[PDB]
Amino acid sequence: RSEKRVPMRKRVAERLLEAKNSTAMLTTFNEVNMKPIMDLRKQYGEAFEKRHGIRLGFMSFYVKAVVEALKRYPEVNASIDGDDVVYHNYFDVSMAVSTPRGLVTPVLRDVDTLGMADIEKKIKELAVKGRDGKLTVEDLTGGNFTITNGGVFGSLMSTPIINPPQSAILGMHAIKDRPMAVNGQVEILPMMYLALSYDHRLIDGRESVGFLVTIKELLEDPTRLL
Amino acid sequence: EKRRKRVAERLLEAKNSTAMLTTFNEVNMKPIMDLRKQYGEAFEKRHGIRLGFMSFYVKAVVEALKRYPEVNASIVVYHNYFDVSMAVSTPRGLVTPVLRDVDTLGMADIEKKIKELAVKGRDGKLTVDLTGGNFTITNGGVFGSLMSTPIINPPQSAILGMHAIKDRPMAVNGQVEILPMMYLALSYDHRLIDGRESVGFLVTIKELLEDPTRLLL
Amino acid sequence: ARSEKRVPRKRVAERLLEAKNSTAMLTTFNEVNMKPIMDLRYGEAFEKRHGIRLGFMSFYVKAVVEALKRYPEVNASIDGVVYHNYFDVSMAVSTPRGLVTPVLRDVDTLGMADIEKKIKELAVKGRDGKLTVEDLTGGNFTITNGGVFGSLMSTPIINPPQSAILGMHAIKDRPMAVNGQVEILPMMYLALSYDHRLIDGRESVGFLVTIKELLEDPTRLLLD
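Residue numbers (the deposited numbering), protein chains in the order written: chain A, 173 to 180, 184 to 401; chain B, 175 to 177, 184 to 255, 260 to 312, 314 to 402; chain C, 172 to 179, 184 to 216, 219 to 257, 260 to 403.
Structural data, given as structure tokens:
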């Protein structure tokens, strides 16, 4: 079963394979109600735009929530080096962005110290650098966690693959209007499925689930974040 | 304690030799179900075979394959032909009868061949029909499966999993209406197929299936 | 100031890896309507007349036993295929040192209250670190509940040398289609991960559908 063959993206192939072969990868899912964030963004957005020059989007809220969650689950921010578990005192988050040569993992450094606008600007900066092929190796080295968004592609739900030597990875998805049960009443809300794939050798059930629940919580009450 | 050999090895190596991931989605079966009631009986008489869903899936899959060659490829050997393995159940387990050149078959033809293979599987008359296929369509809906993670059948790159059609309250035009929804699950070998592509492939299927009057054109 | 502190479960790490590396693990999902069981819970009476409180876990174990009896492969094991004539079910419970798999033995012979009591017994022994190795050895199947943690849906990992594992989850109110009418029901997602080298599609799905059925009609589970 072979009609045309092109010679080899073989290294990455090895990385992905070993990624899946060297870790006990599992996925835990959940859903978040984007209504609140969308409201904030509706009322404070234009103001934020002018007073900060950058536009207020969702990504900043995710990164902020993720940082908060990381601070409560150090194992998730940790890494496993052959017989040792390396914990991290810093918060560097790899952010998957798409380039014509595939996705790239630009690292957002010390995001715990960045404010909303700063994160919004840097994310932009990296997005453009990726488009122009100006992304430096410095920008692509590091990161304790990864936030990947397939919602841009229309993805409903999926199983993200861990990017070694990281322990977990969070996958954002498409925001769809969904009939939901709020107060024994059914109301349509802009729901989104979160998918966290984690290396079970380090992170366990209660923790991955806790981590994800935390994100859902903070995101459903932005005030308690922003 | 108390009291599939090669297949066991195949499945293991299948999962051990590929970076398998799964992307899910949902499709609204209402439209297809409508043509089916409106032209079905006619189709039945004028074509002798009954119009079912499977033909639409195969057709949509072929269309999708034509737009995502990597998905029709193998690890990288690309394919100029469209042979689709179709998992059918025999008393000795599931079997992968191959539907050849489905891009050239019309609705009725696919409906007949699928039948043919289904029966041959029941009678154990399926010939080593079992060799080939660039993709695989597996349907667990017959078993009542809501959603699941299909396993890739080497040396294929991806596999699509059909599921049970359940009535689900949905949001259509800021209004909630019950529609016969179905979850699609595409497991793909990430060494060859990436995110945007698997998701694209699946979105394409959803689209074509939600508008049969476009698939046929 | 910016340090990568390497702290010196490695066995467990090996187990989990080999667990995922030695089996063709796949996951099949489904949903169950908890309304009926919640209605029986007939609870206060049970409480007094049996001293223990009637919860959900007993119903799950009972349903699982029933399902096991119909799908022996799921109760089997692959040794390098050992079937089991007994029904011992590992029940994942959480201890400060992680989850533990206390085994419930011969659950097919235990009645509602008995299962309710033993589950309790084991839960406490786990809290006090009094869980014996005897309690932790054996089990043909495993029931794990992440609902306690708020988990919506997930992919459970098989505990070798077992063949499958059932994952309970959070009970959320969900708008559903009942009789062409939309009604909110306390739905729950079930996730069954199974070793495909032994258990196939029709069987895992059948097993799971069986559980859904029995659970949606407990007055076919109160006494068998």
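The beta-carbon is built from N, C-alpha and C at its ideal position, and this holds for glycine as well.
Chain B within 8 angstroms of A/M213, Cβ atoms only: no
C/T280 vs C/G318 beta-carbon contact at 8 angstroms: yes
Burial state of C/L310 (16 or more Cβ within 10 Å): buried
Short-range partners of chain A found in the stretch 362-395 of chain C, where Cβ spacing is below 7 angstroms: Within the stretch 362-395 of chain C, the residues whose Cβ lies closer than 7 angstroms to any Cβ of chain A are, in chain order, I363.
Burial state of A/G380, where buried means 16 or more other Cβ atoms lie within 10 Å: buried
Residue burial classification, C/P354 (beta-carbon count within 10 angstroms, cutoff 16): buried
Proximity below 8 angstroms, CB of A/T334 to CB of A/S372: yes
Close-in-space but distant-in-sequence residues of the same chain around C/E395 (CB under 7 angstroms, 5 per side omitted): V207, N208, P211
CB contact check: B/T202 to chain A, cutoff 8 angstroms: yes
8 angstroms Cβ cutoff met for C/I298 and C/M234: yes
Proximal residues of chain B, C-beta to C-beta of C/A356 below 7 angstroms: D352, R353, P354, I363
Nearest neighbour of C/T316, chosen from C/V357, C/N358, C/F386, C/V268 [CA to CA]: C/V268
C/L393 - containing beta strand (DSSP E), residue span: If you look at C/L393, you'll find it isn't in any beta strand (DSSP E); it sits in the alpha helix (DSSP H) that goes 380-394.
DSSP state of C/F233 mapped onto helix, strand, coil: coil
Beta bridge counterpart(s) of C/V312 as assigned by DSSP: DSSP, once it has assigned bridges, lists no residue as partnering C/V312.
Distance cut-off 7 angstroms: A/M347 Cβ against heavy atoms of the ligand SAM: This structure lacks the ligand SAM; in fact it carries no ligand of any kind.
Continuous alpha helix (DSSP H) stretch holding C/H227: start and end: 220-227
B/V187 versus C/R376 - alpha carbon distance: 7 angstroms
Contained beta strand (DSSP E) runs [length at least 3] in the stretch 310-374 of chain C, N- to C-terminal order: 320-324, 343-347, 351-357, 360-374
Proximal residues, the stretch 298-324 of chain A versus chain B, C-beta separation under 9 angstroms: Along the stretch 298-324 of chain A, the positions whose C-beta sits under 9 angstroms from a C-beta of chain B are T323, read in chain order.
Simplified DSSP assignment, three categories, for A/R177: In this structure, A/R177 counts as strand in the three-state DSSP scheme.
Proximity to C/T198 [Cα-Cα], best of B/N205, B/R190, B/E295: Ranked by how close their Cα comes to the Cα of C/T198, the residues B/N205, B/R190, B/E295 have B/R190 in first place.
Buried/exposed call for B/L401, threshold 16 Cβ in 10 Å: exposed
Sequence ranges, beta strand (DSSP E) only - wholly within the stretch 239-276 of chain A, length at least 3: Considered as a whole, the stretch 239-276 of chain A harbours 254-256, 259-263, 268-270, 272-274 as its complete beta strand (DSSP E) runs of no fewer than 3 residues, in chain order.
Cβ neighbours of C/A253 in the same chain (closer than 7 angstroms, five flanking residues each side left out): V261, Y262, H263, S342, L377
Amino acids of chain A, ordered along the chain, whose beta-carbon sits closer than 8 angstroms to that of B/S254: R173, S174
Cβ neighbour criterion (16 or more within 10 Å) applied to A/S174: exposed
Pairwise C-alpha distance: A/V241 and A/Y248: Just so you know, the alpha carbons of A/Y248 and A/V241 end up roughly 10 angstroms apart.
N- and C-terminal bounds of the alpha helix (DSSP H) containing A/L377: Here A/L377 belongs to no alpha helix (DSSP H), and DSSP marks it neither H nor E.
Proximity test, Cβ basis, 8 angstroms: C/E206 and chain B: yes
C-beta neighbour in chain C for B/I294, strict 8 angstroms: no
Neighbourhood of A/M213 by C-beta distance below 8 angstroms, restricted to the same chain and skipping five residues each side: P365
Range of the contiguous beta strand (DSSP E) that encloses A/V207: Counting along the chain, A/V207 sits inside the beta strand (DSSP E) bounded by residues 200-208.
Where A/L215 falls: helix, strand or coil (DSSP): helix
CA-to-CA distance, B/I322 to B/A271, given in whole angstroms: 6 angstroms
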